[PDB]
Structures are given as structure tokens and as C-alpha cells.
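Engineer: Right, I'll just put the structure down here and ask away after.
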Amino acid sequence: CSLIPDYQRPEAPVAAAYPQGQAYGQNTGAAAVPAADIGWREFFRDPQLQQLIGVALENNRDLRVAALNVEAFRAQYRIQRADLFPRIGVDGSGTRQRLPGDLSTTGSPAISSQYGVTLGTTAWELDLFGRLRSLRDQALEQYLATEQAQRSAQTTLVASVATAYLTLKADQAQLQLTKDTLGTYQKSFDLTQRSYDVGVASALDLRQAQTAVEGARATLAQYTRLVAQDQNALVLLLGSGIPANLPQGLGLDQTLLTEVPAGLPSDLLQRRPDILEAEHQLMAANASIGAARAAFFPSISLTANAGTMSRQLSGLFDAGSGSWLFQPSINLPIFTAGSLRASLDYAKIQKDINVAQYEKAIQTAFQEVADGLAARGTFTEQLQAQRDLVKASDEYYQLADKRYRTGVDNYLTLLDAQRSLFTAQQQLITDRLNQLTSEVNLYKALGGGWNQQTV
Amino acid sequence: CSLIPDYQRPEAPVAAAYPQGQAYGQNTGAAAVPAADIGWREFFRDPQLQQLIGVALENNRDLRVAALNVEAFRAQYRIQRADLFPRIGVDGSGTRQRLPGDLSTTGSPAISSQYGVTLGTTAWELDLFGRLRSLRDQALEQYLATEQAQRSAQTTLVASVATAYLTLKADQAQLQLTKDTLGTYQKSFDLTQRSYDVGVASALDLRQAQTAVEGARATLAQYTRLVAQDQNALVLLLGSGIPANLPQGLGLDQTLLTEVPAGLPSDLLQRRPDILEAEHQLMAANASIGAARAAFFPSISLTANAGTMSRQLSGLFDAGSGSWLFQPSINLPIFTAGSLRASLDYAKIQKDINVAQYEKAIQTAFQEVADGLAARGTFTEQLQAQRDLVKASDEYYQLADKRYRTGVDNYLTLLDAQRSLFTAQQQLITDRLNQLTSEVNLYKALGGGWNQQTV
Amino acid sequence: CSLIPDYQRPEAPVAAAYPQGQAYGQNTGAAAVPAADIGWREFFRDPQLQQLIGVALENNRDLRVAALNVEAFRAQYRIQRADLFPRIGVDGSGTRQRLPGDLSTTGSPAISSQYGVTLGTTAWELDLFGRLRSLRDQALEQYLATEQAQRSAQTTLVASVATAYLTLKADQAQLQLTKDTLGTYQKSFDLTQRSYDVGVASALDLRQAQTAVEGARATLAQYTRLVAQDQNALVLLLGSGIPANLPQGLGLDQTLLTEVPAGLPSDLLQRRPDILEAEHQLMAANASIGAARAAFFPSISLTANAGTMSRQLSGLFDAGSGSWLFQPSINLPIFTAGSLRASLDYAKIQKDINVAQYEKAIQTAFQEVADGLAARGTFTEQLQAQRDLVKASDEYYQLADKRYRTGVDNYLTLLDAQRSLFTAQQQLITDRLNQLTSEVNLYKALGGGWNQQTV
């Protein structure tokens, strides 16, 4: 006679399609393969980043805490599963007592000493009504909830290592462009110091060129420390240090990522691990309903023992000294003060709070995926505009070079065209860094990379 | 006799007046109508914002978690109140035992059955020294603490919906200005393309106009993204989507929300919810002192019982079989190994943990209110300087338009003046967003939006 | 017998030296005096900041919570250490029997009773195989973990008050320079208003003068707001107000601090506090697996009595009415169905979890220290570039002042030169702020805010 109630799936409050507008693109229907099935070996193309994630899934320690928390709750489920069963041990019953002359058996103050070992249960409570069954069911639901949360931890780790590597590549490209702008400012100050010695340029243009060079040196040192900062952050996120023999990974100009189907908002309820973690927390509260409801009914205990008793220790292995104890007990609360109804509606409160936790998880997951959809809809237009800016600034540089080569234009204006080209490329690097990090965050938000390859 | 210690509250470490200087305003005297009295309908002037609070206030999930955690701790208080009273029920306790020949009555190994069903209690205590009653009002004051926590959760919900809606309107106005800057850049590029196709302008300023247009299209894609992400954030924070029948929402430069009287710093000790939460955790710590003190005094307990006992199982109809037990049980710990000093010491240490927690909540409340007062004091000067900036740039554009319409300058300088006026309007909208965000956080920090009208 | 397993030979999860690159200067090798025995009075040369740290230590409330948590775990260690020693305490027992005539010892249904007062113990277990010994060892090592957590809280509080005071003083300097820029713009607007009222400059130059002045007055109000917010944040981090009798502090130009020798990565895990509290949580997990391994063994328990009993109230303290009870019990389980095995596995997994958290703590310490070393290596050459920029703009301003005093250029070009000099000093002051706040963060990351008294 089990008393866990019938499970009822809570409805999702999310509308059945991802939101439309001027910033989004056109959605598709159901996908043959969702995002939670293409692994981090196919979605991540370049070999260096695949080797870094293959290192960081093993050497990092937060994923190790996640997997060990899973195996800890294996042990914690095994506790309750064995608590459903007896504990067949021994015990030693020894009562050496002194009573007055009125209370004893001899009519005199006497020291009586009966002591002898015996095996059997120590108040083993048998489970007629399903309260121990529902406690181990709660333990099993908590176990597989946390082994869904381990997949959620691996998802966040793969996304964080990917964003750390992409910011490392983009920030060392920024460092190279600031080094090149420092080179052009140094050449312009060299020419202004040359024209200052001869006498064409006054000392005001010399001080202006010197302020420009010192600003470029400050920018160069700041990007040097930023490369050091996010390289140390990647050393943290890999667990171990960066290995030496990494392959020549693909730069930012190639297609570093693959296309991912968005799908339906109702498809997300079975694939993202945070959703299906909060769902099994809700099933654990569903088992706690039965754990609190199975207190109203008669709980049955057993106390059995079997072993030899004696008076002296010397005559404990002989004939006629066998013994055995059998003691059942039933128990039924006629009128408590309201602790059982308080435990029942407290379990119902925990059930509805975990309903709210599951539904909040669906809402935040839908918001993160709609964030990723809006960014994937707008960054293609932003980077098309930015690459047209880079191409127009490069054509302006080539025309300033073509005016310089024939002689009608100075070298300082050619260096101004070089620095406007480098400002255009420094903007392009950061816009593509924002595109790639939001693409990785969208892949995390849909189903994440838990499988290694496509299944 | 009860044993809970008497409680006077700790005084506030923060000053008796809000800070003064060049940033703040003059101090108001007191509050006849304080800040927590004014509801969100007599504070928020948008009917759209009133409808969005009316949706989000009962259709959220985290506020639902708080409002059900209140019910959870009422269930825990019902547990602790019901454990004052005995466990009056029915039980049937049979013992079948084998005894060896030395321990039996007749001297021969035989059996002896004790099959008797009884009614009554097992091991309940009455504490006339005040241990269970101190645990009872500890549970009561944890309930009062978490209902104050529920009020603070609704307060932060109201502040977050208001800030998300104000940033949504500000990003709408940002997008409507970025479309016009893109219009003026595209029109200036069409003029330079016509000037290039005839032959007046070179290719260099044509590439400059192309880079300007592509910068405008990049920032247009960025603001479409940012508007879509802000709508997704407000879909998260309402709980459901934006509903259908929204009324008219007024502008951003009008009176979006009325002024709030600040009052004294001591009025936070009664109006603010989180300070009252720390207050009730402090008096629950005093109740826990009274519980962990009352174990020195002797506990009086008894296991009352009344039933029908017999050797045989089939019989209880006899008139003489009205069996009953009384069994009182009184204990007294006279000298342990310093267990009870350690328990009383740990409870007193928890009390002056919660003292420090209480005045740390006071100090963070005072800091949030003082930053809100500084924002009130400085944003009037900043926003008036910003409106004078916008008036100056508007008059400059009007004079450039008069200069163009008479015929002296061309249309490119008119488009440059128009872009300067658009940049001034953009910075005005950002500063007004900052003012409204800081005053919503000030209203959140003073007393919050709990009730609607007066009591 | 004790069953706590042996401690393991430590492997390093880190390279044996701080990294090298363009940012990193050069390793200093090992150090004689580490970074933890440099107290905050021989490190912070600023006497005003030293009194501010003194107020922040004897007045803030997070240190009250931390030191009171250490006191709470002293009480918890005593309440778990006291479980070895026998809880002896005089008590009072009694029964009042109603057995029927089938069950009575005489043959008629009668009333029987047996009561008495006995000095003795109740269900005391003798810790023969070290389970409660292992639990008090666990409580002792969690006490040491709580003490190292208090040391970590104190060094982070010293760092936070140093950085808050430092940003306060730097934003005082920022407010003073933007008040000077507002002065120069107001004087340039006075000159342009005269040059308009006479007739030379048109109204468009007057509108550029107004847009400059209103931009500057907006930024002046913004920095008054920001100084007020940062001073209220410093009031939060102190817990008490700024005291009145402060000495004259040192400005940001001269050395407020000195460089602390970093050393090797091998004395982090001896000097840093959070690594040590992770180490003591690991030791507590070793004691937990000691108790779990001792759980297989037989757990002997005892009761005892030395008092008197009788059946009558008026004669229980007569001669020869003494009583005495001895109750030994050897108890070992044989069949546990995988419960004690499961709790053993759960404690081994707690050991592995605390190993992983200790190793994570070493990795986060190494990452934060390496970021501090990056900042120390780069901010020197960046600040040299910034000071050369300020000196070149100051020479440019001296040349523009010579051109003004002779009579070649008007006063508006000198105000343009002051506009450039002031923003040069703006960027210099915020860069020196970044250097000093990252130096304080490195000093926290090596873990040296603890000692003021002797060792």
C-alpha cells in the first residue's frame, strides 16, 4: 500500500515560439537534431580549442566536485535503500542489579546477575505503508537530479573555457594592433623630431607628437596586462596549465563555430539539464508528499531476538539454555495536537515551492535562449556593416598610399590613414569577439555540450 | 516558570541625520506620511507600469517562493506548537519470549506471551521550566522573520520591474534616435555620391562618408539587439509575456514618479522590511537562549497508559482486564563534561551573531538611502545642465537651418548640426534614465512598495 | 584504537614559479620574509589610512560575525568533546502497575508500584574504538578551519577598506580637476559672450560655448554624485563614521605603499588563509572517515545506578534499602544490507570533495597572485608613459602661455591648452588609482593583513 500521489506535469508558462521582432530572424520548426545532441567535438571546429576542452573536462576541479557530489548522493540513496531492510546483528543483554529485601525474589537484599549474548534486530520498523519506500524514492529522485546537475556543470564549464579561449585570441589580436599603432606613432614622432631639428616645425607640434606617442605607450602596456589577465584566467579554468604542443588553431577570420537549430520552447524541457534537474527535485518533493501522508496510518515495528541466556558465564554453552524473543508492535495516533497535519501540509508547501523552482528554471532558460536568438539575429548585420567599414577604410588607406607614392602627399597623412585603418580593425575584433561569446552562450543555454560527438 | 531573557533592542550605529555636503540637499524634518505608506499606485505614474506591476506581482516565481516559504514556516510553527502536547494514540504490543531453565519461573524452559493492546502516550514531556515553549516562540519569530523577508522580496520585485521598464523605454528612445542618425548619414552619403559621380569631390571623402554610414549601421544593429534583450529581460521578470490591452504610456521627460519624503534615519528601524527580518531573527535567538538554558532545570516527564492486557490473544472482553500504567520519569543533569555550558554558550554566541547581523543590515540600509539622497541632490543639477545643453544644441541647429534656407551653407553642414542635436538628445535620455533608476532604488531602500494606501 | 587514516604526500597542482612573459618582470626567487608577516602598519605608509583601518577593525560588523563564528565553533567543539565522558546525573523514576488477575503475581487484580532516586548515568557509550574521539577530532579541525576563515575575512576587510579610501581620494582629485575645467569653460564662455555682444563672433560660436559649458557642468554634477556615493561606501566598510582628528594624509603622487616580495608559489599554501581553511576542512574529512571506519566495530554502552528504591514513599531512605544497577551491552552488526558500507563510501567521497576544494583554492590563489604580478610588471611602464604625457602636455601649456604673455595668440588657445592639460591629469590620476588598487589586491592575494601584535 503505497501513498505517493500520482505525478502531474506542470504546464510551461512560455509561449510556444521564440519571440519575433525587428531584431530576430525567422524561426524554424522542430529540428531533427537539437542543440543538446551535437557534441563539443563537432560544434567546436579548431583543434587547439578541442584539446583545451579535452584537458579541462579532466583536470578542472569544479567538475570533479560535481561528479563526486553525484557519487556522494549514490551513497546517500544507498543509506535509505538499506534502511528499508533490517539490521541483523548481535547484542549483549546484561542486567546485574541490586534490590532491597522487599522487592527481590529471595526476600532479602540480593545481587542478581543474568547476562548472555543474543542475535536479532534492534527495533526494526517494517514498512507496511509506504513511508520508507517514499523516503528512498525521495533519495533516488535527489540522486538523479544531481546527476542531471553534473551535466549542467559540465555545460557551464565547456562554455566558460570556450569564452576564455576566444577572449584570449581576440585580446592578443588587440595587443598586436596596439603594437602596430605604437609603431606608427613612433614613426610620426621620429619625423616631427627630424623636422624640429631642421626648423620647419615649432616645438608645439613636437609636444603634440610626444603626447600622442606616450598615449600609445600607455595603451600598449594596458593591452599587455590584459593578455596576461585573461591568460591567467584560462590557466584557472583549465585546472592544469596550458600544454605546450598545441596545434595551430583557426583564427578569428575563419568560421570557428557551426550552425545550431533553435527549435521549439517545448523542446527545451527535455534537453537542458537545469530544467530536468528542477523537475526531479519536484519529483523528490512529490515523494515527500507520501512520506508525510504515510504517518497517519498504522506504522508497524518488529523486535526479534534469538540467542542463549544464562546466569553464570560458565554455563552458557550447554543444553536447555537456548532462547529467542519475538516482539511485534503496532502504533496508531488517535489524536495528536496537529503535528501530522502540519507535516502533511508542509510537504505540500515544499511540493508547490519546487513547482515554482521548476517553472522559474523554464522562464530563465527561455530568456537566455531568446537572448542568444536576438544576438544571432543582429550580429550578422552588425559584422556585415563593420566589415564594410573595414573595407572602406582600407580603400581610403590604399588611396592615401597611392597619393603618397607619386609625391603629392606627406608621410604623416599616410600614417593618419594607417591609424584610422587600425582603429577600424580594433573595432572589428571586439565585435566578432562579442558575436562568438554570445554564440557560445546560446549553445550553453539551449542544451549545452554534454555528449562528445553527435548522437 | 518561563526562562527566556528580557529583550531591549540594540541602538542604530548610523548617524541621527542623513549626510550633508555639496551633493546632498537640505534635511527634511520628519515624516508625517513615511515612505512605506505610499504605495506603487500612488508612486508610479505610468498606467503601463501599474499594469506591469499588477501582472508581475502575482504572476512571478521568486515572490511566489517567498510567499509560500511564509506558509512553510507557519507549518513548522504548527509542528513546534503541537509538540507541546502528548502523543495520544493506540498501540498493541505483544511479546513472545523463550527463557532458559535458570531464568524461568518454574525452573524449566518454557514460553510466556504478553498480548495486550493499550491506549495512551509514550515518552512525552511537560516543561514547566520553559524549554519547549522557548522553541515554540523561536519558531514563531522565524515565521515573523520570513514574512518580513516576503515583504522585502515583493519590494525588490517592484524595483526590478520598474527599472526594467524604464530601461526599456529609454532603449526605445535610443533606437528611435539611432535610426535618425543613420538617416542623416545615409543622406549625407547620397550627397557625396552625387558629388563624386559628377566630379567635384574626390574618392577620399567618399570613403570617409562610407565609413561613417557603416559605423551608423553597426550601432543601429547594436541598439536593435539591446532593445530585444531588454524586452526578453522584462518577459523574464514579469513571469509571463507583455499582455495585450496596455493603456497609453507617457514619455520619459515628464513626471514619471513623484517625490518621496526621506525623514529621519531612525524610521528605517520600523519601515524597512529587511531590518525587521533581522529584528525577528534576533529575538528568535533570544528564544533559543531561553531554550538552551532550561536544560539545567529538571525535566518532568511521564508515559501515561490505559488499555487491556492479557496473556492470550483472543481475549479482551473481561471486566477485570482494565490495565493501565502511569510511569513518571524525572531526570536532572548535575555535572556533565561541560555539555550544558557549551550549549548555553553557543546559544548566547548565536544571539550576538544576530546583533551584528542586525546592525549590518542597518548600515547597508543607511548606505543605500544615503546614495539615493545623493542622487536626488545631484541629478536635478545634472539634468538641468543637460536640458540647457539640449536647448543650446537645438538653437544651434535652428540657426544652421536658417543659414541653409537662406542659402549660404550647403546641406552637409545642416546634416552635421542635425547629428550634433541627435547626440545631445541621446545623452539627455541616458541621464534621465539614470535619474529614474536611482530614484526607484531610493524608494526601494526607504520603505518599499508593500501596501497600497493608508491604514 | 584510532582509525583516522594517514595524511597524504602533497603534490603541487601548479608550476613551481610565477609565470614569465612580456607583462611579467622577473622572478625574485625565494624570500626570507614572506608577505604574511608584513602587517598593515609597516605596509600602509599613509597614517590616515592606518587610523581608518584601525576604525574598520574595531568597528565593522563582518569581523564581529567572523570572530563570533570562531567562538560558536569553540562551543560546538566543547559540546561534541563532552560526549566521551559519562553524563552522570541524579534522576527520579517510578511505575504504577495495573495488571489483571491473570497477570498478577498474587492472583487478584491489584495495584503495584516501584519507584526510586538513583545517582547514575543513562545509556552512556564507552568509546572503545574511537568514534566520538573521531567526531571531536572533526570538530577540532573544523574549529581551526573557522579560525582561518576569520583570518581570511580580516585580510579581505583590510583590502576593501584600503581600496575604498583610495578611490575616495582619487575621486576627490577627479572632482577638483573637473571643477577647474568648468572654471576654464565658464571663462571661455564669458570671453565668447563679450565677443558676441561686441559683434565679432556670430551666435553659432556662442552656441558652441554653451554646449561646452553645459557638458562640463553635467560632468561636475556627475563627479559630485560619485564622490558622495564612494564616501558612503567607505562609511559602510568602516561601520563607523570618519573620525574628526585625522592626521594629514599623503597624496597619490608619492609612495603610499611599497612593493611586497612575492616569492615562490610554495609558501602560498602555508601563508594564505583560505588555503589553510580548505586544508583543515580536508583534515575534518579525514576524521569523518575515521569515525565511519570505526562504525564497523562493536560499540559498548553502559548505564549505572547508585541510589535507593522501595515501594513506599515514607520509607525509601531507611537503612538496607539501597539499590544498584549495572547494564553492559556489546553491540555489533553483521547484516546491514549496504548501509554502513554506504556511509563509509560517503565519508570517503567527502574526503575527495574536500581534496578537490583545497586544490581549487590553491588554483584561485595562484591565479589572483599572478594577476597581481602582471599588474606590478605593467603599471610601472604604463605610469611612466602617463607621466611623460602629463609632462609633455605641461611643456605644451608653458609654450602656449608664453605665446599668450608675449601677445601672439589670444586667451582662447590658452584655455584650449588648459583643457588638454586637465584631461591629461584626469587619465594620470585614474591610472595611478588602478595601479594602487591592484597593488592592494595583490597584497590581499598573498594573504598578509592579519598580524599587528607579536607572533
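As shown in the C-alpha cells, the chain order sets the letters A, B, ...; within each chain, residues go from 1, and ligands are also counted from 1 in the order they appear.
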Which residues of chain A are close to chain C, meaning at most 7 Å apart when you count only C-alpha atoms, and how do they look as a ChimeraX atom specification?
Structural biologist: /A:61,64-65,68,72,75,78-79,82-83,85-100,204,207,210-211,214-215,217-218,221,224-225,228-229,232-233,236,240
Engineer: Determine which residues of stretch 250-414 of chain C DSSP labels as strand (DSSP E or B) from the backbone of this structure, then write them out as an NGL selection string.
Structural biologist: :C and (301-310 or 322-329 or 331-335)
Engineer: Set the distance at 8 Å and use only C-alpha atoms: which residues neighbour stretch 263-277 of chain A once local chain neighbours fewer than 5 positions away are removed? I'd like the list as a CSV table (one decimal) with N, CA and C atoms, in the first residue's frame.
Structural biologist:
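The new file around28.csv reads:
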chain,number,residue,atom,x,y,z
A,12,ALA,N,4.1,24.6,-18.9
A,12,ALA,CA,5.1,25.7,-19.1
A,12,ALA,C,4.4,27.0,-19.3
A,14,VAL,N,5.7,29.5,-20.9
A,14,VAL,CA,6.3,30.1,-22.1
A,14,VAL,C,5.4,29.9,-23.3
A,15,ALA,N,5.3,31.0,-24.1
A,15,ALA,CA,4.6,30.9,-25.3
A,15,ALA,C,5.3,29.9,-26.3
A,16,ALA,N,4.5,29.3,-27.2
A,16,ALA,CA,5.0,28.2,-27.9
A,16,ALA,C,6.0,28.5,-29.1
A,17,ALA,N,6.5,29.7,-29.2
A,17,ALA,CA,7.5,30.1,-30.1
A,17,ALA,C,8.4,31.2,-29.6
A,18,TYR,N,9.6,31.2,-30.0
A,18,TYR,CA,10.6,32.2,-29.6
A,18,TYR,C,10.2,33.5,-30.2
A,27,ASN,N,12.2,31.9,-37.3
A,27,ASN,CA,12.4,30.6,-36.7
A,27,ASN,C,12.1,29.5,-37.6
A,28,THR,N,12.5,28.3,-37.2
A,28,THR,CA,12.2,27.1,-37.9
A,28,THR,C,11.4,26.2,-36.9
A,29,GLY,N,10.9,25.1,-37.5
A,29,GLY,CA,10.0,24.2,-36.7
A,29,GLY,C,10.9,23.3,-35.8
A,30,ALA,N,10.4,22.0,-35.7
A,30,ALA,CA,11.1,21.0,-34.9
A,30,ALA,C,12.3,20.6,-35.7
A,31,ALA,N,13.4,20.4,-35.0
A,31,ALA,CA,14.7,20.0,-35.6
A,31,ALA,C,14.8,18.5,-35.5
A,34,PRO,N,18.5,18.5,-32.2
A,34,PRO,CA,18.6,19.7,-31.4
A,34,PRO,C,20.0,20.1,-31.0
A,36,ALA,N,21.3,19.9,-28.0
A,36,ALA,CA,21.8,19.1,-27.0
A,36,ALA,C,22.4,17.7,-27.5
A,144,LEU,N,19.2,11.4,-9.0
A,144,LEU,CA,19.3,11.6,-10.4
A,144,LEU,C,19.1,13.0,-10.8
A,145,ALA,N,18.5,13.8,-9.9
A,145,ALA,CA,18.5,15.3,-10.1
A,145,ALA,C,19.9,15.8,-10.0
A,146,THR,N,20.7,15.4,-9.1
A,146,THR,CA,22.1,15.9,-9.0
A,146,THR,C,23.0,15.3,-10.1
A,148,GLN,N,21.8,15.0,-13.1
A,148,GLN,CA,21.5,16.0,-14.1
A,148,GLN,C,22.2,17.3,-13.9
A,149,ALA,N,22.4,17.7,-12.7
A,149,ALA,CA,23.1,19.0,-12.4
A,149,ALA,C,24.6,18.8,-12.7
A,151,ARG,N,25.7,17.3,-15.4
A,151,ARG,CA,25.7,17.7,-16.8
A,151,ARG,C,25.6,19.2,-17.0
A,152,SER,N,24.8,19.8,-16.1
A,152,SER,CA,24.7,21.3,-16.2
A,152,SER,C,26.0,21.9,-15.8
A,358,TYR,N,11.0,24.8,-10.6
A,358,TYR,CA,11.0,24.3,-11.9
A,358,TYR,C,10.5,25.2,-13.0
A,361,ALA,N,13.0,28.0,-13.5
A,361,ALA,CA,14.0,27.5,-14.4
A,361,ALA,C,13.7,27.5,-15.9
A,362,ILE,N,12.4,27.1,-16.2
A,362,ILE,CA,12.0,27.2,-17.6
A,362,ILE,C,12.0,28.7,-18.1
A,365,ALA,N,15.6,29.9,-18.6
A,365,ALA,CA,16.2,29.3,-19.7
A,365,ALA,C,15.7,29.8,-21.0
A,366,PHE,N,14.4,30.1,-21.1
A,366,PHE,CA,13.8,30.7,-22.2
A,366,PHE,C,14.3,32.1,-22.5
A,445,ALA,N,22.9,27.8,-23.5
A,445,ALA,CA,21.6,28.0,-23.0
A,445,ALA,C,20.6,27.0,-23.6
A,446,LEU,N,20.9,26.5,-24.8
A,446,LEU,CA,19.9,25.6,-25.4
A,446,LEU,C,20.0,24.2,-24.8
A,447,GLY,N,21.1,23.4,-25.0
A,447,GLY,CA,21.2,22.2,-24.4
A,447,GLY,C,22.6,21.9,-23.9
A,448,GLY,N,23.6,22.7,-24.3
A,448,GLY,CA,25.0,22.5,-23.9
A,448,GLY,C,25.7,21.3,-24.5
Engineer: Find the residues around stretch 191-201 of chain C up to 12 Å (only C-alpha atoms counted), leave out those fewer than 4 positions away in its own chain, and share them as a list in words.
Structural biologist: residues 184, 185, 186, 187, 205, 206, 207, 208, 209, 210, 212, 213, 410, 411, 412, 413 and 415 of chain C
Engineer: With DSSP run on the backbone, what are the helix (DSSP H, G or I) residues within stretch 194-223 of chain B? I'd like them as a short mmCIF file (atom, residue, chain, number, x, y, z; two decimals) with N, CA, C and O atoms, in the first residue's frame.
Structural biologist:
data_model
loop_
_atom_site.label_atom_id
_atom_site.label_comp_id
_atom_site.auth_asym_id
_atom_site.auth_seq_id
_atom_site.Cartn_x
_atom_site.Cartn_y
_atom_site.Cartn_z
N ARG B 194 26.56 61.68 -55.14
CA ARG B 194 26.23 62.55 -56.26
C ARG B 194 27.37 63.51 -56.57
O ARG B 194 27.67 63.78 -57.74
N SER B 195 28.05 64.01 -55.53
CA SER B 195 29.20 64.89 -55.74
C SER B 195 30.40 64.15 -56.30
O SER B 195 31.29 64.78 -56.88
N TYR B 196 30.47 62.83 -56.12
CA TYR B 196 31.52 62.02 -56.71
C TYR B 196 31.20 61.64 -58.15
O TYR B 196 32.10 61.58 -58.99
N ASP B 197 29.93 61.36 -58.45
CA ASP B 197 29.55 60.94 -59.80
C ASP B 197 29.63 62.07 -60.81
O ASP B 197 29.74 61.80 -62.01
N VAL B 198 29.56 63.32 -60.36
CA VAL B 198 29.78 64.46 -61.24
C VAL B 198 31.26 64.78 -61.36
O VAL B 198 31.79 64.94 -62.47
N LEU B 204 38.38 60.23 -51.67
CA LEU B 204 38.77 60.13 -50.27
C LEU B 204 37.61 60.46 -49.34
O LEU B 204 37.30 59.70 -48.41
N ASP B 205 36.93 61.59 -49.58
CA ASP B 205 35.77 61.92 -48.76
C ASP B 205 34.58 61.02 -49.05
O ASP B 205 33.71 60.87 -48.19
N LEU B 206 34.54 60.38 -50.23
CA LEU B 206 33.54 59.35 -50.47
C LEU B 206 33.78 58.14 -49.56
O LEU B 206 32.83 57.60 -48.98
N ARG B 207 35.04 57.73 -49.39
CA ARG B 207 35.32 56.63 -48.47
C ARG B 207 35.09 57.04 -47.02
O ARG B 207 34.69 56.21 -46.20
N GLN B 208 35.31 58.32 -46.69
CA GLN B 208 35.00 58.80 -45.35
C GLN B 208 33.50 58.75 -45.06
O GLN B 208 33.08 58.32 -43.98
N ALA B 209 32.68 59.16 -46.04
CA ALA B 209 31.23 59.06 -45.88
C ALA B 209 30.76 57.62 -45.80
O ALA B 209 29.82 57.31 -45.05
N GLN B 210 31.43 56.71 -46.52
CA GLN B 210 31.07 55.29 -46.44
C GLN B 210 31.41 54.70 -45.07
O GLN B 210 30.62 53.94 -44.51
N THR B 211 32.58 55.06 -44.50
CA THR B 211 32.91 54.60 -43.15
C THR B 211 31.94 55.15 -42.11
O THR B 211 31.59 54.45 -41.15
N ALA B 212 31.48 56.40 -42.30
CA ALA B 212 30.51 56.97 -41.37
C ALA B 212 29.17 56.24 -41.42
O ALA B 212 28.58 55.94 -40.37
N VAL B 213 28.70 55.91 -42.63
CA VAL B 213 27.45 55.16 -42.78
C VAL B 213 27.57 53.77 -42.18
O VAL B 213 26.64 53.28 -41.52
N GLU B 214 28.72 53.12 -42.35
CA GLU B 214 28.84 51.76 -41.82
C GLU B 214 28.98 51.76 -40.30
O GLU B 214 28.51 50.82 -39.65
N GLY B 215 29.57 52.81 -39.72
CA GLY B 215 29.52 52.95 -38.27
C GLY B 215 28.10 53.14 -37.75
O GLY B 215 27.73 52.59 -36.71
N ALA B 216 27.29 53.91 -38.49
CA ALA B 216 25.90 54.09 -38.09
C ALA B 216 25.09 52.81 -38.22
O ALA B 216 24.22 52.53 -37.38
N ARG B 217 25.35 51.99 -39.25
CA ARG B 217 24.63 50.72 -39.36
C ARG B 217 25.08 49.72 -38.30
O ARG B 217 24.25 48.93 -37.81
N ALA B 218 26.35 49.75 -37.91
CA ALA B 218 26.81 48.91 -36.81
C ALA B 218 26.12 49.28 -35.49
O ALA B 218 25.62 48.41 -34.78
N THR B 219 26.05 50.58 -35.17
CA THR B 219 25.39 50.95 -33.92
C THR B 219 23.87 50.79 -34.00
O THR B 219 23.23 50.58 -32.96
N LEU B 220 23.28 50.82 -35.20
CA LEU B 220 21.86 50.53 -35.34
C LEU B 220 21.56 49.07 -35.04
O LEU B 220 20.58 48.75 -34.36
N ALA B 221 22.42 48.16 -35.54
CA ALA B 221 22.26 46.74 -35.21
C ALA B 221 22.45 46.49 -33.72
O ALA B 221 21.72 45.69 -33.12
N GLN B 222 23.39 47.21 -33.09
CA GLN B 222 23.62 47.07 -31.66
C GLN B 222 22.41 47.53 -30.84
O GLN B 222 22.03 46.87 -29.87
N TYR B 223 21.77 48.64 -31.22
CA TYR B 223 20.62 49.07 -30.43
C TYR B 223 19.37 48.24 -30.69
O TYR B 223 18.56 48.08 -29.77
#
Engineer: Just give me the gap between atom CA of residue A:419 and atom CA of residue A:230 in Å, one decimal is fine.
Structural biologist: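 The value is 26.0 Å.
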Engineer: Expressed in Å to a single decimal, how great is the separation between atom CA of residue A:124 and atom CA of residue A:136?
Structural biologist: 16.4 Å
Engineer: Hey, which of B:247, B:261, B:107, B:130 ends up closest to residue B:439? Count only C-alpha atoms.
Structural biologist: B:261
Engineer: Expressed in Å to a single decimal, how great is the separation between atom CA of residue B:235 and atom CA of residue B:170?
Structural biologist: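 That distance, rounded to one decimal, is 16.8 Å.
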Engineer: Using only C-alpha atoms, which of the listed residues (A:251, A:5, A:47, A:54) sits closest to residue A:173?
Structural biologist: A:251
